[PDB]
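Visitor: This structure is in structure tokens; I'll ask about it shortly.
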Amino acid sequence: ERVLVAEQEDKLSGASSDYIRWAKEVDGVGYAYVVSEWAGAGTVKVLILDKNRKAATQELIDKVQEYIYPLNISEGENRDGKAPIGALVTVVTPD
Amino acid sequence: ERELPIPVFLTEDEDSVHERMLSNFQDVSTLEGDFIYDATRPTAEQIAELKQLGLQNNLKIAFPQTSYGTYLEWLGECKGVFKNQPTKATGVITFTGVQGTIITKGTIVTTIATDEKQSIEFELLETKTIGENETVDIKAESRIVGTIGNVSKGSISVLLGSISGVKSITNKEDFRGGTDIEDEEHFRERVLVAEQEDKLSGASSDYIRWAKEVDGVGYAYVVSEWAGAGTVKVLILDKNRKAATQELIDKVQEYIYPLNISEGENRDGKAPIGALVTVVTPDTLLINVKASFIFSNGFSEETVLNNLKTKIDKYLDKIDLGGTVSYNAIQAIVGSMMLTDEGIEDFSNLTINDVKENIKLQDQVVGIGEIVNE
Amino acid sequence: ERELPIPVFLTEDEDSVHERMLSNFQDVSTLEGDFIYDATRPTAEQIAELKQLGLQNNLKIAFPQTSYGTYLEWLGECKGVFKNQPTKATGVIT
Amino acid sequence: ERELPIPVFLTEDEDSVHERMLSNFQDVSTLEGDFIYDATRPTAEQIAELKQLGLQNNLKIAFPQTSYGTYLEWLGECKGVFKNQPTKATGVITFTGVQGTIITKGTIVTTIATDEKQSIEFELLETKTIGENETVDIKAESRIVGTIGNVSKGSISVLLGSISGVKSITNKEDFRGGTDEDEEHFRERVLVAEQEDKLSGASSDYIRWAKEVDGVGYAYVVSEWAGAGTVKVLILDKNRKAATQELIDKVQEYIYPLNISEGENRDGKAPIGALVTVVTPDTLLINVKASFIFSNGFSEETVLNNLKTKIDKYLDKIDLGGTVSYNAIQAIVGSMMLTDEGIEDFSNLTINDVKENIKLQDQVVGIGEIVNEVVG
Amino acid sequence: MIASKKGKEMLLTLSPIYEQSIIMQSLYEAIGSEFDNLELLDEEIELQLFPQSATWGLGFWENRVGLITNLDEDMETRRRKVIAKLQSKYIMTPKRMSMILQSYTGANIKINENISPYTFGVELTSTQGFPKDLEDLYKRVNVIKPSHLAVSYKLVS
Amino acid sequence: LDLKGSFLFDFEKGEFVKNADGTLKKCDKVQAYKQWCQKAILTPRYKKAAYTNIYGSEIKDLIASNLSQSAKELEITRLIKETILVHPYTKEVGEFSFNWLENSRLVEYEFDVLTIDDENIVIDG
Amino acid sequence: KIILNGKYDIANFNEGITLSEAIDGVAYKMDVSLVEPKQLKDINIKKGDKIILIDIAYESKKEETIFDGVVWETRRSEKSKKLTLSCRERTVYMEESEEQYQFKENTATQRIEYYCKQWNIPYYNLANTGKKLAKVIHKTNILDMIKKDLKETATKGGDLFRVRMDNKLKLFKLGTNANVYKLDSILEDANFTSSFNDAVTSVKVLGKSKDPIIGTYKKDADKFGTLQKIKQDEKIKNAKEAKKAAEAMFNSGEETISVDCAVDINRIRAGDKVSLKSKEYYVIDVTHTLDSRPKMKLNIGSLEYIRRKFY
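Residue numbers (the numbering used here), protein chains in the order written: chain V, 1 to 95; chain F, 96 to 469; chain H, 470 to 563; chain W, 564 to 939; chain D, 940 to 1096; chain L, 1097 to 1221; chain X, 1222 to 1532.
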């Protein structure tokens, strides 16, 4: 089933729409918003609201972060997240 | 279409297998009609038949090149391609009858049957009443999905179940849609394209794909980090491989990388975030081929010249931005017109831009020039 | 797992193959237990067995919709998908 | 064999004949066992037997569609067709024994007769002596015509008599000279020989005769190529190539046999006085010379072999007396450049050191040698 | 006596009269040889259905993926090229890019995620070293990388 | 009916009899029938996978059985009769005789009767 | 073996079942006889209950629904508590519901679809009978209308079609059964009957409607004699229609076999193509009787006689 699921044709560039879709794919994410080059160097912010429009919890933030952009990669590892190479991504929630 | 170059040992002749079997026997007659020959020959027949029809077929249907049935569909699924299903035909029926007559959904109206043709059935999609004009327009679809449902105007003129008050019916416009099942050859072509195409995202090839997705442009070229890291140049041309209009450049820009900005939709184009994409029309060298063309019977000189021009134009896609135009390759194309019997019998004195040497592009694209017959 | 369609040739009957083999004989007797039958029948039986088992297994492992084991692992490697590997149980002992 | 229709009279029933005989009697009793019945019934029975057997056999042998044996042979002789006669098996037999022993012609040696099988008799065709070496070889022939004989290698082991000093007689190789003709095959030969016309040996007739021989694709004729009514027969095989020497000999023997002895005459399709010879056109070899430059890591031999195959495929399209398109061969070479199949560049493209379309004349064209110039 | 395994099995499947029959023994020896060859051919066919064990079917696989078929090249190099071509159809995340390049080269790779604004670093490691020519790796990286990014390289033994 | 012949197989030697030409010695319909009868008698049932359940006998399995002497005689008669009678050419098989020569070592006879051994009525109207 | 009813399983009460059908019959008929003690009396089987008989099919030896209909009538004896049913599939509803419809020129399949759509009858994908029928006005039962247009479709060269219900209405062509069973192996007794009872050697068409179409198309006049009929139908409004109607009427008289089988072939039905000896015949009628020993009786005939009589 994993092999047969990996059959997407396009919409893989990590645009604002692509990042919004990736954030929505994670359970618990109600709404998602993106800031392009919030810190320059192609950085991407991901402002997320939970299902009830509230501030996303830290656990949900970590889940979305790992889904889109893992941070625990070791020396002999590379990111498997949805973010392509060179796209620095961080997940944020509003105050 | 592509054929599988199967090894020879896997395609042995029946006689070869029979001879290899007969080689073992030493002290027995092996002539036709004898026990040994007549008993081994059916076995050789069966071995050859199994080898060919079993092993060759089983090997070749496993690949997209020589797969026909559900195996081709499964391979296309494995590489993310789905066969195009047939579709209904659709249109509108102009009823005619007494006002107040109620025509209901699900009613069937058909074309005129004949001794030759079965009537093509159409089902109304709506319930309506005849208006003050003693007419009413009701949508309908062909019950049978396919190109047969795309009948002409004025042909749907027979009501199946008599309804009191309906005087006559007709279709003002030809019914449209009605796609049939996609042919195996087109599905194989699309599956092979998906197989051989990289289908990356963010790379130059997908940028060219996004450019081609926009109408107007025929061809496009891309330069990575043209102005340092983070910069992209998209270089587009029209259907004729000539300079693209500024409106077309703006179209491709807004498709890939809108220069205008908004708080939520920063650019929201096909390009990745962080890119700096510039859409322009390139410098375009024009390559004109001049030769003594001799044309075959039944073919027009201008049509053959235009076809050769289009083929050379297709070859220009293989020529990269700043690449080298090959005199030998253009000779190959011109003579491939002859090898394919495409209206050229002989050619000579072949020159490109009045020279017989390969031409290096100085970081310009190459546009298709005129093909001149001496 | 999707059910595998099989070509008609790969599911041929043993008796049909033997009849096809024996169709060419018209002078010598082809009765069961006869020498022609002795020469021909085991060939037909082996043909049917191989054609029904080995070729159908090849067809099954060809595609990811029906492959299994190392074959399915390789077909995952075609599009760069790896199956999650196991780990040893860990903890503390007093 | 066609089923024979029979007249109703020849298949009359015995009881019907007896009833016809007895119809005229009305005063004397005609009961079974009566004297009138005694006089009449055997006549009717003999009439029925003769009428059903002898006359129907005569009708059967009358026509070639149902005749047999000597009758069918005679009906073949009506239109001059003879059935092939059998031949005695022939070969060589090795002998071993005392050197002083002498073996004469006409000596009889046979196979090993058993309960299951009878002995096949053979006769020696030569007289020899064992004086020089202990082993000698003698030609021999079967005394019985037909496929009987043609025995295996060591079948011959028995000598009917006893010759002084002979240690062993063993045949070395199987005999091959034996042959039997089938009645139905001869009948088919008789019924095939029924052509009405188109037998004059014109150009069309010779072309048809050449085409009748298997392996002949196309045939052409030259009238009086050497004068005196001589005829040439230029033939192409099924694939437009030059006909092989074996095929040439087959067509020659079919149309115009050359191995006729003193007591023989030509049975070929060529009529009397028409001298016929079978010829094939020459196969031109197109050697390609160019300064090939190959891609990175590509084997020159493999790429040149692929180009050779492609050019040979193109040349197979060309017929006898066709035109070899040099300008087309340029694009044949350049197709690999377009597809990037190893060839990086080429120059000085020539065919046998020619840069123009060559016209074949009494020639077919085949692939020559692909040579890289490697010009310094 | 029969030498082929399948020949012996097929002979034993018949009536026991053929213990001394040289004729039937030779016949079923030949038939068993044919069936042994067919079984080996079937196993070989099972190899051809995949790109990893493609063998002479690697030509079919290369024709499928559009790569240039060249027999003189190393079989392992052709396998690596085919695998890298096949794996290029999804997001260019560091894991996917690293495994694609590793499969193509066959040497271990770690993508650095370079500090500079729009560059990504690639570091190679091979215990057996490398040849002096590795340009095709750079060609594939340029073709496969995102358009707006640059690239840098370093190699280690 | 159209039964056909076969090739001889000398069971004494266990090899096909071949003429001097090398071809196997063809035999008549009745000869092939007798060869088939002997082969079927010698072929055990259910054990040689090349054959169906119809072909073969079970005489060898009867040796290890515990049935009495007369019971074994009846079993032998039944087995031989059933094995032979499957052939279409067979009309009747019988007239079985037994001779327990030693204490427990047996010799038995039987007669096989062909379809051609039948007797035909002579009459016509 | 299994009699579902609505909820229960009354296979534990039935003395016997008899599945009977005719080629021109109203419906597939199942007549199941039961004993009615307190247990069966409690559930109170009424007319209109839905019976489904399930038994091991002959083809694959799997339990399959061989009958799916409704109880059309219940008859209860009181002295002996034997409840007897006579089940019918839902084509019996069509044979009782009268309705008037006016039809233009069209095919039988379209008319059947119109009937099902009007009366909300589920139906599978109906086979295209192909033949084009003349305009008519009908008044008889819905099954009567369907049979009439199918008869007019058999005339004009169309194939012989028969309508059977099952769960959803099916248009069953006669010679299209999956398995052509051979009854000679289980032939308890057969009755080969031949006759000139319904032989038609000639037909003199006298068209009541214009294209003045009149003709005679005698087919075997020399052999059986001029056994002549007169076809005077308004629906024949064409010369080719007249010729095809004539050709769809000639036959050598009644030629049927009253076959009795010692084993019940479970899936046989009216119109199926079945073999006896080398020949092949179409089932005019079948009467299974699933007593303690399954049994079957068949009446089969040639295509020509069936077309002449039932069409």
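Ideal Cβ placement from N, Cα and C applies to all residues, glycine included.
With DSSP run on the structure shown, which of helix, strand or coil describes X:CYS1482?
Guide: Strand at X:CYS1482.
Visitor: Helix, strand or coil for D:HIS1087? Go by DSSP, reduced to three states.
Guide: Residue state, collapsed to three classes: coil.
Visitor: So is L:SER1102 in contact with chain H if we call contact Cβ pairs under 7 Å?
Guide: Yes, L:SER1102 counts as interfacial toward chain H.
Visitor: Just checking: is the beta-carbon of H:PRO533 within a distance shorter than 7 Å of some beta-carbon in chain F?
Guide: Cβ-Cβ to chain F under 7 Å: yes for H:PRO533.
Visitor: State the Cα-Cα distance for the pair X:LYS1377 and X:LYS1464, rounded to the nearest angstrom.
Guide: Near 8 Å, if we compare the C-alpha coordinates of X:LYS1464 and X:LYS1377.
Visitor: Return the residue from the list X:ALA1469, X:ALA1483, X:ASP1454 and X:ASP1512 that minimises the CA-CA distance to residue 1199 of chain X.
Guide: Because residue 1199 of chain X is not part of the residues shown, which for chain X are 1222 to 1532, the question remains open.
Visitor: Starting from X:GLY1290, follow the beta strand (DSSP E) in both directions and report where the run begins and ends.
Guide: Here the beta strand (DSSP E) through X:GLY1290 covers 1284-1297.
Visitor: Just list the residues that DSSP pairs F:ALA184 with in beta bridges.
Guide: DSSP output for F:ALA184 lists F:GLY272 as bridge partner(s).
Visitor: Can you list, in chain order, the residues of its chain whose CB lies under 8 Å from that of W:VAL938, leaving out five sequence neighbours each side?
Guide: Cβ within range, chain order: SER854 and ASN911.
Visitor: For a contact defined as C-beta to C-beta under 7 Å, what are the partners of H:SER498 on chain L?
Guide: Simply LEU1099, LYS1100, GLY1101, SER1102 and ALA1128.
Visitor: Could you tell me whether any Cβ in chain W is nearer than 7 Å to the Cβ of F:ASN423?
Guide: Output row for F:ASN423: interface = yes.
Visitor: List the residues of chain H whose Cβ lies closer than 8 Å to the Cβ of D:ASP1072, in chain order.
Guide: Simply none; closest approach about 27 Å.
Visitor: Are there 16 or more other CB atoms within 10 angstroms of the CB of H:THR559, so buried, or fewer, so exposed?
Guide: By the 10 Å Cβ count, H:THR559 comes out exposed.
Visitor: I'd like to know whether the C-beta atoms of X:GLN1321 and F:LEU255 end up nearer to each other than 7 Å.
Guide: It is not a contact, given that the beta carbons lie outside the stated cut-off.
Visitor: Count the other C-beta atoms from every protein chain shown that fall within 10 angstroms of the C-beta of D:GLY971, then say buried if there are 16 or more, exposed otherwise.
Guide: Buried, since its Cβ has 16 or more Cβ neighbours within 10 Å.
Visitor: Taking the alpha helix (DSSP H) that X:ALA1466 falls in, what are its first and last residues?
Guide: Its alpha helix (DSSP H) spans residues 1460-1468.
Visitor: Is V:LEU71 buried or exposed, if buried means 16 or more other CB atoms sit within 10 Å of its CB?
Guide: It is exposed - the Cβ of V:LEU71 has fewer than 16 other Cβ atoms within 10 Å.
Visitor: Skipping 5 residues on each side, what residues in its chain have a beta carbon closer than 7 Å to that of D:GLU968?
Guide: These residues qualify, in order along the chain: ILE941, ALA942, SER943 and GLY946.
Visitor: Output, in chain order, the set of chain W residues within a Cβ distance shorter than 8 Å of D:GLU1012.
Guide: The contacting residues are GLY860.
Visitor: Whole angstroms is fine: what's the gap from W:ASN734's alpha carbon to W:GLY660's?
Guide: If I take the Cα positions, the gap works out to 14 Å.
Visitor: How is the beta strand (DSSP E) around L:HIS1183 delimited, first residue to last?
Guide: Neither: L:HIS1183 is in no beta strand (DSSP E) and is coded neither H nor E.
Visitor: Got a sec, what are the start and stop residues for the alpha helix (DSSP H) F:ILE428 sits in?
Guide: Run containing F:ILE428: 422-434, per the alpha helix (DSSP H) assignment.
Visitor: So, using beta-carbon positions, are F:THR206 and F:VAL246 closer together than 7 Å?
Guide: For F:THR206 and F:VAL246, yes; Cβs fall inside 7 Å.
Visitor: Got a sec, what are the start and stop residues for the beta strand (DSSP E) F:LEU219 sits in?
Guide: Counting along the chain, the beta strand (DSSP E) containing F:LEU219 begins and ends at 216-219.
Visitor: Are the C-beta atoms of L:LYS1143 and some chain H residue less than 7 Å apart?
Guide: With 7 Å as the cut-off, L:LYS1143 does not count as an interface residue toward chain H.
Visitor: Taking Cβ positions only, does W:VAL714 come closer than 7 Å to chain L?
Guide: So, interface residue.
Visitor: Count the other CB atoms within 10 Å of the CB of W:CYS641; is the residue buried (16 or more) or exposed (fewer)?
Guide: When all chains shown are included, W:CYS641 counts as exposed.
Visitor: Measuring CA to CA, which of X:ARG1490, X:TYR1336, X:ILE1287 and X:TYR1526 is closest to F:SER257?
Guide: Checking every option, the nearest Cα to that of F:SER257 belongs to X:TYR1336.
Visitor: Name the DSSP beta bridge partners of X:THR1305, please?
Guide: X:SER1254 and X:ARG1296.
Visitor: Quick one: which chain D residues come within Cβ less than 7 Å of F:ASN119?
Guide: What F:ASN119 touches in chain D: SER965, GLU968 and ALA969.
Visitor: Please report the Cβ distance between D:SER1086 and F:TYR302, rounded to the nearest whole angstrom; I am assuming they are in contact, meaning their Cβ atoms lie under 8 Å.
Guide: With a Cβ gap of about 5 Å, D:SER1086 and F:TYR302 count as contacting.
Visitor: Between W:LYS774 and the rest of its own chain, which residues show a CB-CB distance below 7 Å, the 5 nearest in sequence each way excluded?
Guide: Correct list, in chain order: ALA782.
Visitor: Any idea what DSSP makes of H:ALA513, helix, strand or coil?
Guide: H:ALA513: helix per DSSP, three-state reduction.
Visitor: Against chain F, which members of the segment 44-76 of chain V pass a CB distance test of less than 8 Å?
Guide: Listed by position along the chain: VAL44.
Visitor: In three-state terms, what does DSSP make of F:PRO159?
Guide: Of the three classes helix, strand and coil, the one that applies to F:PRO159 here is helix, per DSSP.
Visitor: I think D:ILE1050 touches D:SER1037, with their Cβ atoms under 8 Å apart; what is that distance to the nearest whole Å?
Guide: That belief holds up - the Cβ atoms of D:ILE1050 and D:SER1037 are roughly 5 Å apart, short of 8 Å.
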